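Residue numbers (the deposited numbering), protein chains in the order written: chain B, 4 to 93; chain A, 4 to 94; chain J, 4 to 93; chain I, 4 to 94; chain G, 3 to 93; chain H, 4 to 94; chain F, 4 to 94; chain E, 4 to 94; chain D, 4 to 95; chain C, 4 to 94.
Built from N, CA and C at the ideal position, the CB exists for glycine as well.
What follows is a short report on a single structure.
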Amino acid sequence: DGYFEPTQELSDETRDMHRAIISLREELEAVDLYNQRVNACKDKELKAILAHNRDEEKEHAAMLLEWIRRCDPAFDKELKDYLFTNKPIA
Amino acid sequence: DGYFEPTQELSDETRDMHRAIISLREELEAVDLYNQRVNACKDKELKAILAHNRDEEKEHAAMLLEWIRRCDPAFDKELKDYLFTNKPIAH
Amino acid sequence: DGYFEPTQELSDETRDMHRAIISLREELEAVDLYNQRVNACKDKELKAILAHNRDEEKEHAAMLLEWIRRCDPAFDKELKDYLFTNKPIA
Amino acid sequence: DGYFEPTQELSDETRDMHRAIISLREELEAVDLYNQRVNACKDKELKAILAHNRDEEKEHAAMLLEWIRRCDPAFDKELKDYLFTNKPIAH
Amino acid sequence: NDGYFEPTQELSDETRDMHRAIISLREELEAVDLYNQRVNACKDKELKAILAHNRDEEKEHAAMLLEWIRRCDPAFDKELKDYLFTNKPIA
Amino acid sequence: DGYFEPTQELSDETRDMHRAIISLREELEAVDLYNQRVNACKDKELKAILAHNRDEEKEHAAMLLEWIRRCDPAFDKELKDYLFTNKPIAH
Amino acid sequence: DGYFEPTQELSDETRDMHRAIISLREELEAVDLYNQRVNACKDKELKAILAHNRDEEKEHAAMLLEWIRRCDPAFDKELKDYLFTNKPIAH
Amino acid sequence: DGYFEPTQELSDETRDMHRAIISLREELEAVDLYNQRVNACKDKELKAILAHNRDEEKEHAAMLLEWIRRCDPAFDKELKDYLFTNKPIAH
Amino acid sequence: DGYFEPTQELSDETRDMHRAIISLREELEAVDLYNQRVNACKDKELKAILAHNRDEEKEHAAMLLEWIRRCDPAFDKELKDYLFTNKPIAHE
Amino acid sequence: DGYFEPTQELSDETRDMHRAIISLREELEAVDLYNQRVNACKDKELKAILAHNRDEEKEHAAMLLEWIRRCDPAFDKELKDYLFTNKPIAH
């Protein structure tokens, strides 16, 4: 999954980017999923574990994001333009 | 649809958070798939289109991420810890 | 994917075409998806970001489809008959 | 099915636009698929059948697209920035 | 998923042309069912006519395909003989 | 079964026609698939089981299709105009 | 589909078993699907067809399950223990 | 999930038949997968674990299938004819 | 299913660990599905086979995990911190 | 979404168990996927991230499974049984 072109036609660099990105996407999905489960959960202990797991995947996502940012000038530009501001995003 | 719990059991703010995450996920996927296609592409004009679109999707991602950041203090703490650093992320 | 035949049995031409159509299908799907999220969205700022991404995806779609017609005369004709007209599409 | 938000939370014209877009995606897929089968086909008679369906689906697409165009001015603005031109698209 | 459940390299050109024909038929048929459901659910009249128009030609697309199947499948042919254009109960 | 619009927004007539088409599309898939397994099969006894069930599915398909055309004047018309003929089916 | 390890890592035997088990799974799903479509069907003629196709496919299941037994001693044991008995299954 | 019609339109005993069939299909899949895995496996201890589970799922399948036959006389007629037999299952 | 990198690119070891993990996942999925079926079932006999199959799959699961614990000192560490405890699993 | 039966037919306790199990399956998938990416990765910095994330997902998993143990006596049994032992697991 994620490979839309045969791997052997892709450079190792493109494949590492693929790895980081699909990993980031999966981390984000896990944030989303844990978060819905927290909201729907009844059992307090389970709810805490889910909110906990959820918040670690945020660290995972950030780490992958930063690795992407060091390898990708066009992305680094965009993260500079929007991240850590207070102005309207729109 | 990415909705793993029935929608009627999730609040407006959870649902918006979901709209944002999945939108971000789809944008990153676009970047990845566009990158793969750019690498594999033969027609030079097509190639220029795919790379143009890939770099725009980067903009969409940045925007969605920042909105997530502004109402997610836990995500915020982490991005401030790693974004724009020079040190070994994990190593 | 989107490849129903082994990639190695198709020409660079059929594959560049494939690249083009699949990208356009994904840009269209995103228009549609952002449209739905815009309608159902609550937070004004998110709705604005969702609308801004969606419309930008419209530019992508349009650029990809120009590439298609410029090397597809069977399609460039269809667009010629229907696009930018007043006539009942029927 | 391609509905990512509950059907009851979407207006009728959002749902018509969805029906138009998904239909257009399907036809486009058809063109792409038929193109692959054409390229990879052996039997000459099956081959002719496939290519016919294909160029026919091109019509269906053109149809849906103009219908989308009537209804979406942002989209109209864009097709009129790019269609039937001669200048490098991004390039 | 290509509808190939066995490696292509282990199937003859014939089996592969047949598969091309069947999977193409399945696809036209689906678009019929889909367009059908979309016609019924549709609200906008002009969209509706287009959806109906696409659907009927996909019926032509379908019929060409199953004829091609017939001419190169004695077992299928026989069965279409037995039941098509008929009026006795189907049991 | 494979429904792109909510069941409650679809008449019983459109829903039976859907039950008919999807069943047909399954039967046809089981044909294409048994045919692949037949070509790939090593064991003789299994070969025969596979081919047996394959030819029978063609009846099931037959059959369901007759049912369709009886309530689809447009599919009826496309059938008569391509089936059992010996002309080249595409230009 | 159904192959979770590369086909070139599997013996012809394992692959014929796989053929048999996936085909059995498919016949069974048909029966289930046909049974739902009967439970839900409105037109009578279609119903008879659906039930007809359904019951034929149970044969296809039995034929495959037999094939499996003759070459799976461990499966041959378990079927001897439970099938055609009047004793309770579990507790 | 294997429900092709809305659950609200199926009777309870159809839903129970569905539960049986789908669980049987899952147990049969686990047999197939564990078989493929045993064939490909490298570590001896893991191998034995995979082959263990595989055999027990064969039991799980036999139980379920006894349950289906005892309330589907049509599955019975066909089971009685083919199970434990010498005759070539097909020809 | 399971393989996101070409198999030719992964070691026998990584691929055995993949075989163990995906097996464990399938067996846990079997438990969840049987559990849901047990809850929704309206026939006592079927219910009993459902519930039976479901409790044996717990054992399959358990064997598979033990095999993982042995080969993965990282997984062993985490299992020892939390398994058979009484304190809150979390609140962070 | 992992629900095989409508959620309105499942108790809160079956749904929490579902929430636990599926979360546990996802964290295990993560381990597996990270393992494969580690093996295939080229860039050493990314690699350290992947293995970091991977080993943290192991804790997530341990946690969930400790939760399941605490309310599944048949599970808090196989685990007392097999876990932290040196016996041959199967045969």
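Boundaries of the alpha helix (DSSP H) in which residue i is found, first to last residue
i	result
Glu-48/J	47-73
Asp-15/I	15-43
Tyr-85/D	76-85
Simplified DSSP state of residue i, which is helix, strand or coil
i	result
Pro-91/F	coil
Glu-8/E	coil
Same chain, Cβ closer than 8 Å to residue i, five either side skipped, listed in chain order
i	result
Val-41/G	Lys-50, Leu-53, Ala-54 and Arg-57
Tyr-85/D	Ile-92
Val-34/E	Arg-57, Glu-60, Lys-61 and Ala-64
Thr-10/J	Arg-18
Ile-25/I	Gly-5
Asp-75/F	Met-20
Option in the options with minimal Cα separation from residue i
i	options	result
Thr-88/F	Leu-68/E, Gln-39/E and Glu-81/E	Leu-68/E
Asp-46/H	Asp-79/F, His-21/F and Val-34/F	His-21/F
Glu-59/G	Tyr-6/G, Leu-13/G and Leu-27/G	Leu-27/G
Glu-29/E	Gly-5/F, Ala-77/F, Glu-62/F and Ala-43/F	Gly-5/F
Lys-80/F	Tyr-37/E, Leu-36/E, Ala-65/E and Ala-23/E	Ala-65/E
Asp-19/D	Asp-15/C, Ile-71/C and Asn-38/C	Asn-38/C
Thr-17/J	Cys-44/I, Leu-13/I and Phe-78/I	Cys-44/I
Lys-90/I	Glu-48/A, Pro-76/A, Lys-83/A and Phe-78/A	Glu-48/A
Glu-95/D	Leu-82/A, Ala-77/A, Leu-31/A and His-94/A	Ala-77/A
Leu-13/H	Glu-8/G, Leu-36/G and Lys-83/G	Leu-36/G
Contacts around residue i, its chain only, beta-carbon distance under 6 Å, and the 5 residues preceding and following it disregarded
i	result
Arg-73/G	none
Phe-7/C	none
Neighbourhood of residue i by C-beta distance below 7 Å, restricted to the same chain and skipping five residues each side
i	result
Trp-70/J	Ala-23
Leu-31/D	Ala-64
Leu-82/G	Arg-72
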